[PDB]
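> need a structure here:
(chains A, B, C, D, E, F, G, H, I, J, K, L, M, N, O and P, ligands or ions: 12)
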Amino acid sequence: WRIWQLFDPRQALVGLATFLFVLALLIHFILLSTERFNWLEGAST
Amino acid sequence: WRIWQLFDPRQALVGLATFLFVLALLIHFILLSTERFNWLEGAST
Amino acid sequence: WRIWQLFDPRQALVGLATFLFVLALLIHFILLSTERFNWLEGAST
Amino acid sequence: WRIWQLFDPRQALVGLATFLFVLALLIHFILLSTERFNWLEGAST
Amino acid sequence: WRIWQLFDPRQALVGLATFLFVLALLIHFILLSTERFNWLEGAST
Amino acid sequence: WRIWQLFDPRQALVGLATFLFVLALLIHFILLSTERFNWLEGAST
Amino acid sequence: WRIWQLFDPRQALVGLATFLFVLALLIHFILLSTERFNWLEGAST
Amino acid sequence: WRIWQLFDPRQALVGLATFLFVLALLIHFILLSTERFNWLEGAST
Amino acid sequence: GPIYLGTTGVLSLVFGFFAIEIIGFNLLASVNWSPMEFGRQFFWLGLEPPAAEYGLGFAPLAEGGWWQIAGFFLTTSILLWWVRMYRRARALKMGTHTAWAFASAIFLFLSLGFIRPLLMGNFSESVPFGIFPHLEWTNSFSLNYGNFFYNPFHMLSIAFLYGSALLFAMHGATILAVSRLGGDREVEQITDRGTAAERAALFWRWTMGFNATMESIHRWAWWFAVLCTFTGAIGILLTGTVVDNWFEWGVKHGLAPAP
Amino acid sequence: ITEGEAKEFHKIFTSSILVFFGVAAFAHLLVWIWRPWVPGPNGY
Amino acid sequence: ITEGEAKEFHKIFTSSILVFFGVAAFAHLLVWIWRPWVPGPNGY
Amino acid sequence: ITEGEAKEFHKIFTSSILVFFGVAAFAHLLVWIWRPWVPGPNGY
Amino acid sequence: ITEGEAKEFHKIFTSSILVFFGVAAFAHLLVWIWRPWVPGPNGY
Amino acid sequence: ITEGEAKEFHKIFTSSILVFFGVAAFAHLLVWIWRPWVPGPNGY
Amino acid sequence: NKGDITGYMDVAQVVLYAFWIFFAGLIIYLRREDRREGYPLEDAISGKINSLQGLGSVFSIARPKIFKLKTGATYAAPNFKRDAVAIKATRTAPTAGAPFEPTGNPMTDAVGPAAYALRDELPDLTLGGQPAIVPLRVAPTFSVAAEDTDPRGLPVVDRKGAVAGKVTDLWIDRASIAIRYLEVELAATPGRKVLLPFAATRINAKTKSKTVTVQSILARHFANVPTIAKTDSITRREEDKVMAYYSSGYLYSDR
Amino acid sequence: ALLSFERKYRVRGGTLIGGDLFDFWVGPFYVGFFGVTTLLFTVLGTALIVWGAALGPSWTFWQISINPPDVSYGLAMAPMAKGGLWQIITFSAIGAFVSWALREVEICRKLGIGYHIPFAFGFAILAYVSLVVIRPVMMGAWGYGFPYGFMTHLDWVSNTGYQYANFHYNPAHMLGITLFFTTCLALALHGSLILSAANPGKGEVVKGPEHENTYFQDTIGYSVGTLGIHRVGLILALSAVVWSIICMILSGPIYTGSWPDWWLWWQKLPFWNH
Ligand code: 07D
Ligand code: 07D
Ligand code: 07D
Ligand SMILES: CC[C@H]1c2cc3[nH]c4c(c3C)C(=O)[C@H](C(=O)OC)c4c3nc(cc4[nH]c(cc(n2)[C@@H]1C)c(C(C)=O)c4C)[C@@H](C)[C@@H]3CCC(=O)OC/C=C(\C)CCC[C@H](C)CCC[C@H](C)CCCC(C)C
Ligand SMILES: CC[C@H]1c2cc3[nH]c4c(c3C)C(=O)[C@H](C(=O)OC)c4c3nc(cc4[nH]c(cc(n2)[C@@H]1C)c(C(C)=O)c4C)[C@@H](C)[C@@H]3CCC(=O)OC/C=C(\C)CCC[C@H](C)CCC[C@H](C)CCCC(C)C
Ligand SMILES: COC1=C(OC)C(=O)C(C/C=C(\C)CC/C=C(\C)CC/C=C(\C)CC/C=C(\C)CC/C=C(\C)CC/C=C(\C)CC/C=C(\C)CC/C=C(\C)CC/C=C(\C)CCC=C(C)C)=C(C)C1=O
Ligand SMILES: COC1=C(OC)C(=O)C(C/C=C(\C)CC/C=C(\C)CC/C=C(\C)CC/C=C(\C)CC/C=C(\C)CC/C=C(\C)CC/C=C(\C)CC/C=C(\C)CC/C=C(\C)CCC=C(C)C)=C(C)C1=O
Ligand SMILES: COC(C)(C)C/C=C/C(C)=C/C=C/C(C)=C/C=C/C(C)=C/C=C/C=C(C)/C=C/C=C(C)/C=C/C=C(C)/C=C/CC(C)(C)OC
Ligand SMILES: COC(C)(C)C/C=C/C(C)=C/C=C/C(C)=C/C=C/C(C)=C/C=C/C=C(C)/C=C/C=C(C)/C=C/C=C(C)/C=C/CC(C)(C)OC
Ligand SMILES: COC(C)(C)C/C=C/C(C)=C/C=C/C(C)=C/C=C/C(C)=C/C=C/C=C(C)/C=C/C=C(C)/C=C/C=C(C)/C=C/CC(C)(C)OC
Ligand SMILES: COC(C)(C)C/C=C/C(C)=C/C=C/C(C)=C/C=C/C(C)=C/C=C\C=C(C)\C=C\C=C(C)\C=C\C=C(C)\C=C\CC(C)(C)OC
Ligand SMILES: [Fe+3]
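Numbering: from 1, shown residues only, chains lettered A, B, ... in the order given. Ligands and ions are numbered 1, 2, ... in the order given. Please find the structure below.
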């Protein structure tokens, strides 16, 4: 109830899920854009 | 199970189906773009 | 079988048919774009 | 046989006829675009 | 004979006339575009 | 004779006149564009 | 003589005059475009 | 606690979180755009 | 005035403000912080995208990194504004047609800026931030990829832009013509058809053979406006990725005689 | 549409269309005598 | 409408479509005699 | 809309689609005899 | 939609989808027999 | 909305966020074992 | 061989033809939406449902959509509610395309430009449920901008200089803020008040009276303006009737 | 065939010229004397365009082109095989457009509504005339009008815009682009708002002007109104067309140099000229 007294539960859940998905997608894209951590091309270390 | 009191089951199912299909299509297109995992071309390893 | 209480059978069938036809058309065009599976031109293996 | 209770026979027949004609026209044009199956040009096999 | 209890005879005749005229025009245009079957230019066999 | 029981004679006559005039004009222009059937330039056989 | 019972005489006369005038103008312009029948330029036979 | 009588806690928290997240994202991008501090494409010091 | 921002509006404004500040600071630094030179060359100043050798990764700040940061922040701001206009329509218990029409413009913006560079592997041919720089990007894009006039989807986008102008010139003129009959109350006319809507439909019928309704004309307008940017985005995506020369494509497909 | 008027219209239309088709056939015969439009194996 | 008128229309429609298909078949036979449109293994 | 009419329509539709599929299969067999559309290991 | 209507639709839908999936599996097996789409270590 | 509903939401939220963070930590540990993302004085 | 699908087909052409198919479907849908008012088409003479249509008539007219109103009522589109076949006019020729000639006074008979749609006999309502269009007496809160000239008290004049009356009230719109109608006290038969649309009235600028000129009708036509049942509210049907009567002046004023 | 509400409006009168002769309908089309003239000019121009296509080298619709006479001809009328056909088609098209506008005027008179629609079509007619008559006349030859072809008029646009180095730098052309983009944006916004008010979602009640104003106030900060939006859209489209006409009048009749080079005056201003 500490933080759910104010914020709507459904809105908080939807916003958190969307933000987490967008952040994960951005981090994965950034990793794919690097030579070392691109697991698809798999260049040498 | 209270998440289904929070969210409409029909809307949840429609949104999941759309999101999952779009994600699967995007991942498949990424794999097609990559040389190693393009099963239609079959580049040797 | 309660999914048909959730969703109208007529609209569900119409949308499913449209989606399946579009997906099949896309897959066939992708196969045509590839060289190995282009049955019309028939390039050698 | 209940599909004809679900769908108006008239609308289903007109939609099916339009879809079949468009699909046949598309396939005919695709065949005409091919060297092997162009019956009008008659390229040697 | 049962089909005309579905579709109005006048609307069926008008649709048939328009469709057949357009199809014949398209096929004639394709033949004129081709070299073998262009009777006006009369290219040799 | 029942064709005129199905269709309005005046509309049928007007539509036939317009369609036939346009078709004859198009055919005459197509003939005029060919070398063999252009009677105004008179190219030899 | 029943064509006048079908079509108003004055409207039919005006429309026919317009159509004939357009046809005469078109044919004269075509003749001017051609070389053999351009009476104003008077090219040799 | 005097500050929270003037500023609404919800609006203050929402604004502060947005500003902090945007600032952190900008700083991380700036670090990634530098040769020395890019951890995903690490070079020599 | 009574602008409702909310959480999504605050986010979008913060992101867009950061992007604008980055772009403006880069423009001012390009002229060595001269206000005089900034005013002199404001149109010619631009923030160029990174070169091709950097790929989709983070380029150095002085070599396109600032462009990448500003572009990402602007894209996030625009997407959050789309979310905002979706949520405002939902809150007012109204349709999301405005959000889904803005989605087409966002699609075109992403195709120009992010999606096509993602397909091509680098940000070299992305749109720089500057008036004359982005005009020159337009010119150089068309010149490099054959002739954009020969792009069929560019043809369609131009046709739908002309159609949007034509449709608004028709609709505004018609509503002003029937404004003396209560035609400006369009939703009231939709709910209860009046002589204004009847006379508008009859005028267009007697003019060109067919007519619309007070709601379906807005459907026509919405679809024309959306299709403009949608077809344009499709053409941008297909340019270079699958067709390297639009003039040669047109020559192959009969749009032009073979040189 | 009254049957008598429809049949009178048909009896006029048949004659008119037959005259039109006869004139078209005569014109086509003259055009064929002038220059036939069916090329042979070697063309024109 | 009613099966009587429907069957009259169907009879007339069947006769007209049979005549149309016969004319089309005769035209196609003449066109085939002129120049066939199915190439062999070596073409035309 | 009803049950008897729906069953009649289903019967006629099944017969018509069977005829359509038979004609399509015959045409496809003719086209395969002319030129097959499945390349071998070496192509055509 | 009543429970009986939903159950009947589910039964017919299950039958149709299994027929569709069986036909698709047969087609994919034929395509695999023609040319497999999973490359080996050395490609195709 | 009410006190009991808020208590249930907080409990389930705590459980779900703990599962999410545990899975994320496991994935990050696996990624670190595969390839560390902190370069040394000489680099990678 | 970059974008080639077959020897001649390619990806750009395939996408173009896909868009062509989609655009044909979209045109079908847009025409379907166009046919939600006034369709099906009726015969010009008899009025029976009859038109020249093809095989697309099955898809031409869509199922009626329901508009839910804040008053609890519903409006269906298409509603299939046709106007009466018989009207107070007679065709000049027996042909279907012939025009109609008014039998008596067209302005009162409501034919042609004087014709109006049989709208609901209910005034437009604001968000709060109160009638949208009311005279300024019933709405003390609203006022005319100080930068503009109050039409109240200004003479009403026609295109020929004849004075029709004086403005005694203004009818405003509470939903969309604007002036809709002017209440004019006729010079003839004192005490009689007629409604006057605002959109059909231009102010004559510097005339030392700023006479509200009405180019639609003449002074003698003001006595025949349709009346309204209530003194503080106007229904949609009465609104249309007034606007239609005023709009017919340009065609039937000199007749 | 008539609509459910057309018979009471299909009344006599309203013709500008011709009287009762042409006051009749053929199907849904109102004929009118100017409609008869429109049909005359349309048939003449279309037949001459098909004749030019027949005279041309190809029957492909994209490659069909009717070209204006050569610049060497000046403003003199050319032989029909050397641009005279283009001139005849141009003037027949002008006549058809004017007759269409006057037919719209007649329909407006019959229905007792304003003339805003023919007035707005007059701007399209003026743009066409400026492109095919005014600009070539002030430029000195009919050869500067665009050819009547699906692709050749686009080639004319490209060549004319590259004659001035870069047409993107034409100041009136920038304003035309701005207004053309704004017209599309405003059309999208207006259609979107009207459709969102009329269709507020399933199970919801139709909204009104209050909600329409409140939505855009809340989102962007301000609104225009119910008729202000239509006036703004009409003015935007007409201003885009007017500024396009102005840029085309400037490009070649008045200004003949490079538009990118025209912008040096901004960099030569006294307060920045260093
Ligand atoms: C050599 C130059 C050349 C050339 C000869 C020629 C010809 C013509 N063309 Mg073309 N064109 C050329 C090149 C070319 N052409 C364009 C496009 C078009 C369009 C734009 C449509 C639109 O609405 O854009 C406009 C929409 C956009 C770009 C997207 C909307 C943007 C949004 C939502 C973002 C919101 C913004 C903020 C929050 C503010 C952020 C702040 C800061 C950055 C500081 C279109 C309809 C159009 C018109 C014409 C005509 C009429 C002609 C004539 C008469 O010559 N052309 C292409 C496209 O796909 O358009 C969708 C595209 O990208 C591209 C290129 C490179
Ligand atoms: C070495 C490089 C590498 C590598 C080879 C590789 C592969 C791939 N990865 Mg990745 N990844 C790598 C690294 C790595 N990766 C991640 C994670 C992930 C995630 C995050 C999911 C997410 O964002 O959920 C975010 C969603 C949440 C948290 C939803 C929770 C729900 C909430 C709040 C409330 C519920 C309300 C709603 C949902 C609203 C609607 C209502 C209803 C439906 C009822 C995940 C499932 C995932 C998938 C893949 C893919 C598709 C690929 C492909 C094809 O390449 N990756 C891990 C994580 O977060 O696990 C929880 C993590 O830590 C970690 C690391 C280190
Ligand atoms: C170097 C190449 C280049 C370049 C880099 C660049 C850039 C851009 N430009 Mg430009 N342009 C270039 C070339 C160039 N530019 C144009 C014109 C413009 C316009 C005018 C639009 C208008 O108002 O049309 C107004 C339209 C007319 C002419 C209306 C006339 C139509 C009529 C009477 C009706 C006809 C009716 C029938 C026949 C009947 C039909 C029957 C049935 C359907 C049954 C305009 C706003 C515009 C758009 C863009 C943009 C958005 C861009 C982008 C995306 O960069 N350009 C000028 C013009 O036409 O001005 C009137 C002109 O001639 C000219 C030139 C040479
Ligand atoms: C259908 C295609 C057409 C189209 C449609 C279209 N555009 C749209 C819409 C639609 C339907 C909208 O609904 C949306 C809109 O809101 O319109 C009014 C929009 C829109 N398209 C726009 C413009 C636009 N449209 C264009 C064109 C088109 N879009 C096409 C012609 C074009 C071009 C190039 O022709 C442009 C430039 C915008 C006006 C608007 C989208 C606004 C947006 O996304 O804004 C993002 C937010 C910001 C940049 C934030 C700025 C913040 C400021 C710095 C203020 C300060 C804030 C604060 C101080 C910050 C906090 C500081 C602290 C952190 C310290
Ligand atoms: C001025 C603001 C916008 C506008 C407004 C506008 N247009 C209008 C109207 C209005 C208000 C109408 O009322 C009227 C109408 O009824 O539209 C349905 C119209 C109209 N504008 C039209 C098209 C059109 N408008 C355009 C633009 C615009 N018109 C502006 C953007 C454009 C372009 C290029 O952007 C086009 C293509 C038509 C739909 C219609 C014109 C109807 C008309 O003129 O009918 C009479 C003529 C014919 C039926 C055919 C005449 C044929 C000629 C004999 C030959 C002409 C050849 C031509 C010169 C070249 C052709 C080849 C090209 C590829 C170059
Ligand atoms: C308030 O909301 C509003 C609505 O409303 C509620 C609306 O609806 C609309 C309108 C908008 C829409 C309906 C949406 C669609 C609009 C667009 C997308 C804009 C684009 C438009 C088009 C692409 C269509 C263009 C079609 C045209 C221009 C019509 C073409 C017409 C002709 C060529 C002929 C004109 C008719 C004449 C002159 C007479 C009739 C002719 C015939 C019937 C054929 C010939 C007839 C005969 C042979 C017999 C008579 C002959 C005579 C008299 C002799 C002539 C002699 C010769 C032979 C020449 C708006 C704006 C509105 O905001
Ligand atoms: C039934 O009817 C309906 C209504 O009614 C009930 C309506 O209402 C509307 C809605 C329509 C409108 C309200 C106006 C429509 C008219 C146009 C589109 C043409 C006029 C164009 C504009 C004024 C642009 C307006 C767009 C806005 C305000 C978008 C808002 C976006 C943000 C707040 C995000 C941050 C803002 C940014 C980044 C820029 C936004 C653009 C501008 C504010 C204008 C550009 C300004 C500059 C970049 C520099 C200029 C600076 C200014 C103006 C301040 C200094 C002063 C100067 C003069 C220079 C419709 C459609 C409708 O159907
Ligand atoms: C009620 O009636 C009363 C009582 C008054 C009596 C009146 C009766 C009357 C007047 C009856 C009239 C009857 C008539 C006139 C009947 C006419 C019937 C005809 C002519 C029917 C014709 C049917 C033809 C059909 C259905 C043909 C279909 C062909 C198709 C779909 C072919 C498609 C081809 C494709 C897709 C491929 C083309 C190849 C190319 C090259 C074009 O591909 C690119
Ligand atoms: C009602 O009240 C109760 C009782 C409830 C009590 C409430 C108490 C509260 C809420 C108290 C809160 C207090 C707080 C948070 C106070 C914070 C104060 C701060 C941080 C003040 C800071 C002020 C800073 C100032 C004024 C700085 C001014 C600097 C200027 C103008 C510098 C300009 C520099 C220029 C223009 C030069 C730039 C150089 C470059 C290089 C940038 O130029 C190109
Ligand atoms: C009312 O309730 C009833 C009675 C109905 C009961 C219902 C209960 C329900 C429905 C409970 C549901 C619970 C659920 C599903 C809870 C889910 C919780 C989760 C998944 C929580 C996760 C939270 C994650 C957080 C807060 C993460 C924050 C991370 C941040 C802000 C990191 C930012 C990183 C930055 C800025 C740096 C990025 C670095 C670069 C730029 C390099 O990365 C791209
Ligand atoms: C108070 O401070 C003031 C306001 C005075 C500062 C002044 C600011 C000024 C003057 C700002 C504006 C300047 C000008 C002249 C702006 C003009 C802008 C124009 C006309 C831009 C036109 C087109 C640009 C486009 C279409 C670019 C789009 C770019 C996109 C979508 C880029 C996206 C990039 C992404 C998603 C990057 C991804 C890579 C990451 C970062 C994820 O990893 C490497
Ligand atoms: Fe309506």
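
> contacts, neighbours, all on C-alpha from now
Fine.

> now the closest residue to ligand 10 within chain J. Nearest residue, chain neighbours left out?
Nearest residue of chain J to ligand 10: residue J:1, at 70.8 Å (Cα to the nearest ligand atom). Distances taken as Cα to Cα, 6 or more residues apart in numbering or on different chains place residue F:5 nearest to residue J:1, at 5.6 Å, with adjacent residues excluded.

> correct me, but residue I:127 touches residue I:49?
Yes. The pair residue I:127 / residue I:49 is scored as a contact, 7.1 Å apart, by Cα atoms under 8 Å.

> residue O:139: what secondary structure?
coil (DSSP: H, G, I helix; E, B strand; the rest coil).

> what's the burial count for it?
14 (other Cα atoms under 10 Å in any protein chain shown).

> show me what contacts it?
If you count contacts by Cα atoms under 8 Å, 6 or more residues apart in numbering or on different chains, residue O:139 has none.

> please apply the same query to residue O:99.
O:91-93, P:10-12, P:23-25.

> quick check on those: which are buried?
Among the contacts of residue O:99, those buried by neighbour count (16 or more other Cα atoms under 10 Å in any protein chain shown) are O:91-92, P:10-12, P:23-25.

> using a markdown table, lay out the residues you listed together with secondary structure.
Output for these, formatted as a markdown table (three-state DSSP):
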| residue | secondary structure |
| --- | --- |
| O:91 | strand |
| O:92 | coil |
| P:10 | coil |
| P:11 | strand |
| P:12 | coil |
| P:23 | coil |
| P:24 | coil |
| P:25 | strand |
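
> nearest to residue K:20, of the residues you listed?
The closest of those to residue K:20 turns out to be residue P:25 (Cα to Cα; 35.8 Å).

> let me know the helix or strand that the residue of chain A found nearest ligand 1 is in.
With Cα to the nearest ligand atom, the shortest gap between chain A and ligand 1 falls at residue A:22, namely 20.1 Å. Per DSSP states H and E: residue A:22 is located in helix A:9-32.

> give me the neighbour count for the residue of chain J closest to ligand 10.
Count around residue J:1 with other Cα under 10 Å applied: 12.

> on the three-state scheme, it is what?
Assignment for residue J:1 (three-state DSSP): coil.

> from residue L:44, how far out is it?
64 Å (Cα to Cα, to the nearest Å).

> helix, strand or coil for residue P:8?
coil.

> tell me how many other residues surround it.
24.

> kindly report the same for residue O:128.
Using other Cα under 10 Å, residue O:128 has 9 other residues around it.

> tell me which helix or strand it sits in.
Element membership for residue O:128, per DSSP H and E: none, as it lies in no helix or strand.

> gap between it and residue O:142?
Residue O:128 is 16 Å from residue O:142, by Cα to Cα.

> so which bits of the stretch 151-255 of chain O are right by ligand 11?
Within the stretch 151-255 of chain O, no position is adjacent to ligand 11 by Cα under 6 Å from any ligand atom.

> the stretch 151-255 of chain O: helices as residue ranges?
O:236-247, O:249-252 (DSSP state H, counting those that start in this stretch).

> center of chain A, which residue is that?
By Cα atoms, centre = their mean, chain A has its centre lying nearest to residue A:24, at 2.2 Å.

> ok, that residue to ligand 6 distance?
44 Å (Cα to the nearest ligand atom, to the nearest Å).

> roughly how far does that residue sit from chain F?
63 Å (Cα to the nearest Cα, to the nearest Å).

> the nearest residue to residue I:185 once chain neighbours are set aside and residue L:32, how far apart?
Nearest residue to residue I:185 in three dimensions, chain neighbours excluded: residue P:226, at 6.5 Å (Cα to Cα, 6+ apart). Counting by Cα to Cα, the gap from residue P:226 to residue L:32 is 65 Å.

> same check on residue P:28?
Shown here: residue P:28 relative to residue L:32, a distance of 52 Å by Cα to Cα.

> in terms of neighbours, single out the busier of the two.
Neighbour tally, residue P:28 and residue L:32, criterion other Cα under 10 Å: the higher count belongs to residue P:28, 19 against 12.

> got a list of what that one touches?
By Cα under 8 Å, 6+ apart, the contact set of residue P:28 is I:205-206, I:209-210, P:1-2.

> from residue G:8, how far off is the residue in chain P positioned nearest to chain J?
Among all residues of chain P, residue P:1 sits closest to chain J, at 16.4 Å; criterion: Cα to the nearest Cα. Between residue P:1 and residue G:8 the computed distance is 19 Å (Cα to Cα).

> and residue I:194, by the same measure?
Taken as Cα to Cα, the span from residue I:194 to residue G:8 is 35 Å.

> so for these two, which sits in the more crowded spot?
Taking other Cα under 10 Å, residue I:194 and residue G:8 do not tie; residue I:194 has more neighbours (26 against 13).

> three-state assignment of the closest residue to the more buried one other than its chain neighbours?
Spatial nearest neighbour of residue I:194, chain neighbours left out: residue O:117 (5.0 Å); criterion: Cα to Cα, 6+ apart. Here residue O:117 is coil, with the state taken from three-state DSSP.

> give the contact list for residue O:117.
I:193-195, I:198, O:237, O:240-241.

> how close does the closest residue to residue I:59 other than its chain neighbours get to residue I:72?
Nearest non-adjacent residue to residue I:59, counting by Cα to Cα, 6+ apart: residue I:65, 4.6 Å away. Per Cα to Cα, residue I:65 is found 11 Å from residue I:72.

> more crowded one of these two?
Between residue I:65 and residue I:72, counted using other Cα under 10 Å, the more crowded position is residue I:65 (22 against 18).

> am I right that that one is in contact with residue I:56?
No. Using Cα under 8 Å, residue I:65 makes no contact with residue I:56, being 10.8 Å away.

> quick one: stretch P:71-88 near ligand 5?
No. Judged by Cα under 6 Å from any ligand atom, stretch P:71-88 makes no contact with ligand 5; its nearest approach is 9.0 Å.

> restricting to C-alpha, output that stretch in PDB.
Coordinates of each C-alpha in stretch P:71-88 appear next as PDB, following Å, rounded to 0.1, in the frame of the first residue of the first chain:
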ATOM      1  CA  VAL P  71      10.500  27.000 -78.300                       C
ATOM      2  CA  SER P  72      11.600  28.100 -81.800                       C
ATOM      3  CA  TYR P  73       7.900  28.500 -82.600                       C
ATOM      4  CA  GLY P  74       7.500  31.200 -80.000                       C
ATOM      5  CA  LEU P  75       3.900  32.100 -79.300                       C
ATOM      6  CA  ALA P  76       2.700  31.400 -82.800                       C
ATOM      7  CA  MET P  77       0.200  28.600 -83.300                       C
ATOM      8  CA  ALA P  78       2.000  25.500 -84.500                       C
ATOM      9  CA  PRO P  79       1.100  22.800 -87.100                       C
ATOM     10  CA  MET P  80      -1.000  20.100 -85.700                       C
ATOM     11  CA  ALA P  81       1.800  17.500 -86.100                       C
ATOM     12  CA  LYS P  82       4.300  19.900 -84.300                       C
ATOM     13  CA  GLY P  83       2.500  21.100 -81.100                       C
ATOM     14  CA  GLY P  84      -0.700  22.400 -82.600                       C
ATOM     15  CA  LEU P  85      -2.400  19.400 -81.200                       C
ATOM     16  CA  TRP P  86      -1.000  20.300 -77.800                       C
ATOM     17  CA  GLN P  87      -2.300  23.900 -78.100                       C
ATOM     18  CA  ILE P  88      -5.800  22.700 -79.200                       C
END
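
> from chain A, which residue is nearest to chain D?
residue A:40 (35.3 Å).
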